[PDB]
Amino acid sequence: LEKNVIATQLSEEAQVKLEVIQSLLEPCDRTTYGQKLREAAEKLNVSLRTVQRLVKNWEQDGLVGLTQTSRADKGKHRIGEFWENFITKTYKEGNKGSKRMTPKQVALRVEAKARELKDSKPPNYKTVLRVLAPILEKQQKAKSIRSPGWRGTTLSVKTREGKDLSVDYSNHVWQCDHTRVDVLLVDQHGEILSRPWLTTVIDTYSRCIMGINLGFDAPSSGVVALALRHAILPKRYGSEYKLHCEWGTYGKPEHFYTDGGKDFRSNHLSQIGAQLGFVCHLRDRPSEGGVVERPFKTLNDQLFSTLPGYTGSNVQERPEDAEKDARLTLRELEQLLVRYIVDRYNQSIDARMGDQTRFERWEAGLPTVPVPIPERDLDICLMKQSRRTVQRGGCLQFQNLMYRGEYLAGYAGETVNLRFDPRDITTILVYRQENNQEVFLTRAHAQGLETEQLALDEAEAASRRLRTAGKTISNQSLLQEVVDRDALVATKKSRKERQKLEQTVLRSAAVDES
Amino acid sequence: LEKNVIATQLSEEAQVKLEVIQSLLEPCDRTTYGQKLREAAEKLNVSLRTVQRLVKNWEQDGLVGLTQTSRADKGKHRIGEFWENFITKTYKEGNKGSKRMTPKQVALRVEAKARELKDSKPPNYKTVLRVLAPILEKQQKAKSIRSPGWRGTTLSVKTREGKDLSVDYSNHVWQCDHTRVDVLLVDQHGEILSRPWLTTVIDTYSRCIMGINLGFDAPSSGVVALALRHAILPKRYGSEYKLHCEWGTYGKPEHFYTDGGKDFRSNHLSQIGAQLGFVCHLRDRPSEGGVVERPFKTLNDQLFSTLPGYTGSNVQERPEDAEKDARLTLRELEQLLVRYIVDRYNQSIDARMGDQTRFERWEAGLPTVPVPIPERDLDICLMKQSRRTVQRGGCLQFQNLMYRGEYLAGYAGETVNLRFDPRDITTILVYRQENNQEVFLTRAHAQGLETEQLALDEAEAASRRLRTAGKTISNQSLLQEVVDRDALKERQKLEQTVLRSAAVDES
Amino acid sequence: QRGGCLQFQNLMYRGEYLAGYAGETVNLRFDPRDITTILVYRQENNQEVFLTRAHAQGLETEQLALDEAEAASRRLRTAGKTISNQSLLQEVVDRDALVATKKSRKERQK
DNA sequence: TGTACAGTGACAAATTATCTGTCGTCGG
DNA sequence: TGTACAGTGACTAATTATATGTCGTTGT
Ligand SMILES: [Mg+2]
Ligand SMILES: [Mg+2]
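Residue numbers (my numbering), protein chains in the order written: chain A, 1 to 514; chain B, 1001 to 1507; chain C, 2001 to 2110.
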């Protein structure tokens, strides 16, 4: 084991004592000790015994023997031990759970106990503040602790299962999460809508952003599936994005690492994982998600805080003009956000490295050039209805719609896996199991509405209105209920319901991409 | 103007110059003074001309003439004006409206313009911070500015009319506004309800709290009417409040001063004010009404922060256990809050004075002891229906309910002023205009409901349900649309039940 | 830093008994001829007190001198400066500033 | 003149470990 | 070992108003 003490900058009295010690450092003759000790007593204006004591402190200890020594009672209160423990316990107990008691309130409890004990001289307010001083101080360091982070090139990710998985190359481990964007948006007229949701997908080996989905829709496994589709497929943008670089990323993960939200623990994402072959993993804590969490802070600082309609990070920062100053449509925010991610964010230097651009680290990081996946083969993203049973005459029933198709009647009594798109359920793909291998059977079409379209949400909402009204349900009556609601909304003086208008602007951006 | 300057912290070099000047205070002779200069040139390691300059700097400035003055460039920037104006206005434009541009982002705009102009030395980010530094300190100072306060016995309350009310004595100007308390309360079963609303009525002259209302209920001209009657009437509290002094505070204001909430700028408070004879006055800014507002910080600091279920003053300071650690019901919180106001707060020192309690100053500050008003005469709190007309058959129809009155058939076709209680609309007081004055006529009653009590929000909720149910309008039909929804829960009804249990304990 | 870590010359140093001092300030002493190991001292009223040793982590085994670590650090700074806030990284800043500015729709009436 | 409670600089008093004299004791 | 950007001490280079000599000029 080891120990040492070193003097800090000497005080002026300690400097003088240093000159006296140097005056007493040379001699070898008892006569010269006597001479220089007596002149040192005169120089310090002290007794000869005092100079002897000073030399002995510098002999048995360092320069810290000729600096002053602090008192033994420094940091001990002179009030009784009962009172110091009473003040300490009263403060701590006053803060259990939701309660928040101030030192002044503690002082009132001290005075109340003093009346019970008939103590004419209890600790006053300043003494209570001093007694609680270190208790309040420690707290202020514990809240502020910095984490070292990782040093680079070697990285692993801690899962909620307690397992640590390494990250070895680009597209080894993707991560994803959603946020509100801190910007208010307007419709194509200039009336306010909502703050949109931004979903990002990001590669853990390179920190390069793989894809995004920006829209008014609340988070869902459908939103995660749209974001995976954009991440995975090769990307191209028209001149209206004004890009100078290309996003240039594509291909599919080996693992997908997420929060514990229902969106990522949904059966829909699990079916996407099994078809594309990328097992999912839940993060242990939000602090393990640093690679996906931090980019939202970076976007707030570099991008969103400069745009009209900025709402601040939270209500306490909200500019009073945030609703007076909203101007961007969703299509215009996406033009800005994609220019930023392609020309700026993915072109910045990768932290934990300093040598490499984030994209260059993705591209050089690849084990091999990934083979592009044809867009039609992201049909895997369709939801599966785990079974339906082929009824007599080849019918299937799904969400109250009745479907028939080109071969189904030969399979009556079997169970088939319907695979469907929630954006348009008027046609469904039917798959069956043969030799424990799922195979394609046919496309099934909702009888009598093959020329229409219906999202699953329209069919579900119209079905509730039919059940509430007490009317029967069939393909024609369900279709009539849907087109009648859109006609009734068209009679409204605003033609607005929040979702109908947010969907109109979102769909207008979605179908302007081509 | 006068123009003086004084030196401080002189010594560090200057004591050597000071000792030189002390050696030179007198032109003793042309022969000897030159020798004193040539001697001082040993203490300062410098020529005769440096010592002659030192003596001239001393004689023309005094002690600051010993100290080295700061350079003329101090606080000026060498980057040139173009860049100094570009950097200053870029920051300012980028923090316009909702934008909050950082100096780093300003530096990026500097590099962008320098690239356009083919400059080679666009100011460095460290110098951008320095150039923007002065206009950041100003912003921080302009937020931090303290205001003094009324000092002594003289006080002039500013209104939105630019008129000031001179507050001369107790009950001259009361004040009121509302706020949330910062504690989550529970029902009598221990499940979460919501954070109550607290109303306070204060007298401006004494700063004594003259009345309160605490409840889950919403700010409304009803909650203001209830705060008014609790303030005006003599106060009684039982032993379960454990009070050791009395809230001996009552009587009628001459003026009532408020924020612009719809509770206060309302016909209902106008009619209360005209019948009680007090004038309604509007607060010009939140910062004029500190006598109402500041009771609320003191209560957070002295009372509510020390109670379980405390929620903080805002969402960034919310204790994460607040939703799990709630324990008090509305009846406990009132039994604590009333004690706090009677034993502590009204008994503490009036801060403007230092030598009176808030209650002592109120009681001594009355121009005379006011007579207690009869509890029946607080029927001026009853809401007014201004212009309903008597139908043939001696009838009045009102919020779907139909009413019959003892002389009312004499006045079919005439117009009547109806006074009613939102807590109990089974009965209506009917007044009519005669000789251009109101005269009382009769106590009309909802026919077939004389044994029954309906509050206005129940008749309203029953009417909404009845309209949407497609059933007919009648006194029972409305009662039928109450008694099921009664018997069969929704937070507002659960809140109302706990609020009712407190009102029961008031009886 | 947590777990008893210190940063010096861009290397990360781990202290042997240091972990209880996270969030505290310490001072430190080393021989410029070899900065693979650093001596950590606590600060007190007139004295530094020797606290523990600390060793460099993630580096090569060969003993690291101080001048050599400065050199490694200027090679990183030189490499970073080759990506000289390079023009792509700024060209965006005008167009971000000019999709805004152009959209003055906050209060436009007829 | 918005406002009033809790936290914070500035100063004074009682207590105690620490530095100084003076003398006595022991060693060279 | 969460994660990566904006603000910040600590040090250095370029520019300048300023302190120091040296001599010429004038007043005493
Ligand atoms: Mg999340
Ligand atoms: Mg208000």
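By construction, the Cβ of each residue, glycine as well, lies at the ideal position given by its N, Cα and C atoms.
Taking C-beta atoms as the reference points, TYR1205 (chain B) and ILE1232 (chain B) fail to come closer than 8 Å. In chain order, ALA1040, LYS1043, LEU1044, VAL1051, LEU1054 place their CB closer than 8 Å to the CB of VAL1020 (chain B), counting only its own chain and leaving out the 5 sequence neighbours on each side. When beta bridges are read from the DSSP output, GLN397 (chain A) appears opposite A:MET402. Of all residues in the segment 1103-1121 of chain B, the ones placed with a Cβ closer than 7 Å to any Cβ belonging to chain C are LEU1108, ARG1109, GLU1111, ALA1112, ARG1115, in chain order.
Excluding sequence positions up to five before and after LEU1303 (chain B), its CB lies within less than 8 Å of the CB of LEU1336, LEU1337, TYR1340, all in the same chain and listed in chain order. A distance of 8 Å or more separates the beta carbons of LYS252 (chain A) and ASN314 (chain A). Flagged as an interface residue toward chain A: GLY2058 (chain C), by a C-beta distance shorter than 8 Å. Here the segment 1169-1184 of chain B makes contact with the segment 1322-1332 of chain B; the two share three or more CB pairs at distances below 8 Å.
Around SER1166 (chain B), the same chain offers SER1156 as residues with beta carbons nearer than 6 Å, after the five sequence neighbours per side are excluded. Under DSSP, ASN1417 (chain B) forms a beta bridge with B:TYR1431.
A Cβ-Cβ distance of about 6 Å is found for the pair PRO196 (chain A) and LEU214 (chain A), placing them in contact under the 8 Å criterion. The C-alpha of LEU506 (chain A) lies about 15 Å from the C-alpha of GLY222 (chain A). For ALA2079 (chain C), the closest C-alpha among the options A:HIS189, A:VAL131, A:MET353, A:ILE192 is that of A:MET353. Taking each of C:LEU2039, C:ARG2074, C:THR2082, C:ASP2031 in turn and checking the Cα distance to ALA2054 (chain C), the smallest one comes out for C:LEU2039. Between the alpha carbons of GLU1406 (chain B) and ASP1164 (chain B) lies a gap of roughly 49 Å. Between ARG1207 (chain B) and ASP1284 (chain B), the CB-CB gap reaches or exceeds 8 Å.
Residues are counted here when their Cβ sits less than 7 Å from a Cβ of chain B; for the segment 307-334 of chain A these are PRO308, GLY309, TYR310, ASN314, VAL315, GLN316, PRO319, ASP321, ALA322, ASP325, given in chain order. Residue contact check for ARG1180 (chain B) against chain A: no CB pair falls below 8 Å. Residues of chain C whose Cβ lies closer than 8 Å to the Cβ of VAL223 (chain A) do not exist, since the nearest Cβ in that chain is about 25 Å away. The set of residues with any CB-heavy atom separation to ligand 2 below 7 Å comprises, in chain order, B:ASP1177, B:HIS1178, B:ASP1259, B:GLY1261. Under the 8 Å criterion on CB atoms, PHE2008 (chain C) is classed as non-interfacial with respect to chain A.
Residues of chain B whose Cβ lies closer than 9 Å to the Cβ of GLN2086 (chain C) do not exist; the shortest such Cβ separation is about 11 Å.
Contacts between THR67 (chain A) and chain C, judged by CB atoms closer than 9 Å, involve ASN2045, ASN2046, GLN2047 in chain order. If you ignore the 5 residues before and after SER23 (chain A), its C-beta comes within less than 7 Å of the C-beta of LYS36, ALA40, all in its own chain and listed in chain order.
Of all residues in the segment 162-190 of chain A, the ones placed with a Cβ closer than 9 Å to any Cβ belonging to chain C are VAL186, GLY190, in chain order.
For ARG339 (chain A), the nearest CB of chain C lies under 8 Å from its own CB, placing it at the interface with that chain. For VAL64 (chain A), the chain C residues whose Cβ falls inside 8 Å of its Cβ are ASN2046, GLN2047, in order along the chain.
Chain A has a Cβ within less than 8 Å of the Cβ of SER1098 (chain B). For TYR91 (chain A), no beta strand (DSSP E) run applies; the uninterrupted alpha helix (DSSP H) run containing it begins and ends at 81-93, by DSSP.
Taking the Cα positions, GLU1111 (chain B) is about 15 Å away from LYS1089 (chain B). Relative to the Cα of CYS245 (chain A), the nearest Cα in the group C:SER2104, C:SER2087, C:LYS2110 belongs to C:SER2087. Per DSSP, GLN2109 (chain C) is not a residue of any alpha helix (DSSP H), being assigned neither H nor E. Against chain B, the CB of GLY94 (chain A) has a partner CB under 8 Å away; the residue lies at that interface. For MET101 (chain A), the neighbours in chain B by C-beta distance under 7 Å run, in chain order, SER1305, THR1306.
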